[PDB]
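Next comes just one chain, in structure tokens: the form deposited in one PDB entry.
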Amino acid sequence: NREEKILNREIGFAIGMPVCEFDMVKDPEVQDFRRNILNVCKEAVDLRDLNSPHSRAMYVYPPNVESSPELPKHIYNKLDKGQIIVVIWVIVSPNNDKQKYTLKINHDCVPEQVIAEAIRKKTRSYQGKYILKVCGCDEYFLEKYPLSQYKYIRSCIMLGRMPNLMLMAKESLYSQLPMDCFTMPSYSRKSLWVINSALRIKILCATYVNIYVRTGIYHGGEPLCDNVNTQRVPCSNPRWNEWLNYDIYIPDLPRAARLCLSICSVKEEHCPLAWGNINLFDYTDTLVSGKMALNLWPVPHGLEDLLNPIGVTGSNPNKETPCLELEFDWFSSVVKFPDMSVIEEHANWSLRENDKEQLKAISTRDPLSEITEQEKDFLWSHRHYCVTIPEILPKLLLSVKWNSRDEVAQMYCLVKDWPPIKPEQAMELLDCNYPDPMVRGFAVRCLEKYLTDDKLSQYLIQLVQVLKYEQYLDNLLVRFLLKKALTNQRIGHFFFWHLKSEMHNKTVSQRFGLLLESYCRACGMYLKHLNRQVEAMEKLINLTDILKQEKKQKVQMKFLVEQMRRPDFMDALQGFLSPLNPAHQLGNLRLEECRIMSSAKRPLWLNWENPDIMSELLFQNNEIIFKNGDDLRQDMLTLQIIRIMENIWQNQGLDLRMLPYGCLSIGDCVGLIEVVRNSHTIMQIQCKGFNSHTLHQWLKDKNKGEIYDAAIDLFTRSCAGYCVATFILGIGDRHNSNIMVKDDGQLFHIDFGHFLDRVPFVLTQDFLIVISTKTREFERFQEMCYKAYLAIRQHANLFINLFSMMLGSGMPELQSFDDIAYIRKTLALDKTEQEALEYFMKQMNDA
């Protein structure tokens, strides 16, 4: 049909590749994913039309609210008698005159009540037919949340800024919601446990090799047996035809058992050449058998062993690569993995205060710590009691002998009834260590029960990353994330961008491609907007490309203006939403304000006019830095962890104002960076006005009177935070231009080159002089840094988990758990609270 064709062209433009290539993929699991994945879209759409227009508006404009409505102590103290002042605006008449009505109401009031008292104040000079909007952006207070719980409101309370809201008619916004229609695509309409034996695979011959074959059977990151090398053979004729046998009985193969193979070379000095992984069981629970042609992959940078089991699974798309032919045993009938029922029949067929405390002490340990064999057998012999302390489940999982059908089954049964655990702990079971399907299933259930959309968005990038660790295209995690993204555009955005940014990586081109297809096919009119965005970025990447090649600094600016002035460019880079925050409208380019940043890598400084009716109450211009050339993933993770830390200190009662500015990777070493209005570098303050005593003076001039004190406070608190943080994360070398301060005293860092590889933030005499060595102010400062350090050491588990999940991404500074152990060093996990305290005190003495 017509709608089908158009939708296909647009989806092709958004994903980057045309849909018609997915069709030509003669692969059962691919087609069955593209089809079977559709009832998730159905569920989401049904949820969208369930309450009709209100449900739609909620789908497009979800409430940006904190996780818990409760407010910390100091935050509540910011309120005058537990109340808040709020300015509600109204546009009226043909001239759209703006009239303001100020109010003082309880911070726990519902937006409906705010509208009530607002109309009351408007008449003293009509029921709930109105909704509240944020003056200057596209945020709406559509749900009956307490106003203070909205991120915008709580922020306004902490910063001391007064909220400016706009009263809008419900029908004026509903009239803006398009009538979407999800059209179904045109592409929608045995022995088991008996096999007794040992695993043996035959390698036949290799092609495209102009050395031996090392192989192994692994369960995630652990080999279910010993690796076996095939007979060394001359490189000219790649013909082994050999039969390798493994010390693993066929029934004893876990559900997620994988074959990991590679081709090593011989000078003595061994070096891999091409790697590949195969699922012993397919997506229909069948067991591999017969011949199979597997196209291998080149080796990633920084490889330790002659095997890459953590690498993606499947046959290389580029068939013009080393292709290995394998031969699996074929038995009487098509063998399947037993049903959970038979697992229960074989499962059923197959204690002192001292150790009662020992188990607790074990569960208290962090994930990085290793578990000894005696401790593994210990936890296993105590597998039933470990159910009362559910947070020990990960370590318990690590104690199972996954090469024994018995233990595997009994563990399955222990999972079918295991108590749910908190999300932060549930994600721990979603990294590469836990590849089992029922384990990841349990974790996904936990996330479905206790994960707030706030926390989901906060932990989105990691989840999208652990997608790569899934054994099959169609799984529970992908369906959960996809439904959440098809019911919450605030999540669907960074879902689509986290996915698209890696469409250049052929390791996951297929997966993320199909997923992105199913998403774009059911996301609604927003697809259009995304396309516009994808075009804008497109154009940008072109220009920067021509800037870093043909005209690779004043001439660069001239050329840039001329290319930018072309109408194609003007249209394609005007009137679209900010990929950093889709609530931000970006209208006409203010070219007179755009420029090349003249620092390194030719950063592009872009300035747009804010088209919002009330753009003046937020910012009349939105400035962003398009950078093409520098990998932004590391910066994304760093800023994320900074926001999380800030939320921890706030939820703990110490106001250390951090600044986790935006930062979104949208492709291969391309991305956007949020501009912090009114900020300058240390070196810039030192310049205007070798010298190290004019920072305090500059701040004093920029903050005269009763403001002075306030300013100081900020610069202190923030500073302390950015100190502690930078010490724990081991951020790269800081200097006078890596650091920045705002005209109000806010201090924050930028450009986190490399982390986890030592006191980087050696507070210079500037900062110290700004805080007051022997002064009560410095004492309060030290107390702050100590408190913060403790607060973070109390979530070392969370952070370590986050990194362990981010391993899947090919970031250089994060290639193995060895890189993560650094945090285990700086946090003093193996020591006690006091021991770690002395550790941080002494570490901070080393000026």
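Sequential numbering from 1, following the sequence displayed. By rigid core we mean the largest C-alpha set that fits within 1.5 Å across both forms.
There is also a form deposited with a small molecule bound; it is not shown, and the following applies to it.
Only one of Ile119, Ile613, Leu768, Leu204 comes within 4.5 Å of the small molecule in the bound PDB entry through a heavy atom, and that residue is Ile119. Checking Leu167, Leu306, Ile421, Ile153 for any heavy atom within 4.5 Å of the small molecule in the bound PDB entry turns up a single hit: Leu167. Of the stretches 285 to 293, 402 to 410, 648 to 656, 92 to 100, only 92 to 100 has residues with a heavy atom within 4.5 Å of the small molecule in the bound PDB entry. For the chain shown alone, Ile217 is not a contact residue for the small molecule in the bound PDB entry, no non-hydrogen atom being within 4.5 angstroms. Heavy atoms of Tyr126 reach within 4.5 Å of the small molecule in the bound PDB entry, making it an interface residue.
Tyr130 belongs to the set of residues with a heavy atom inside 4.5 Å of the small molecule in the bound PDB entry. In the bound PDB entry, at least one heavy atom of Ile88 sits within 4.5 Å of the small molecule.
The two forms, fitted on the rigid core, differ between this form and the one not shown by less than 2 Å at the CA of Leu7.
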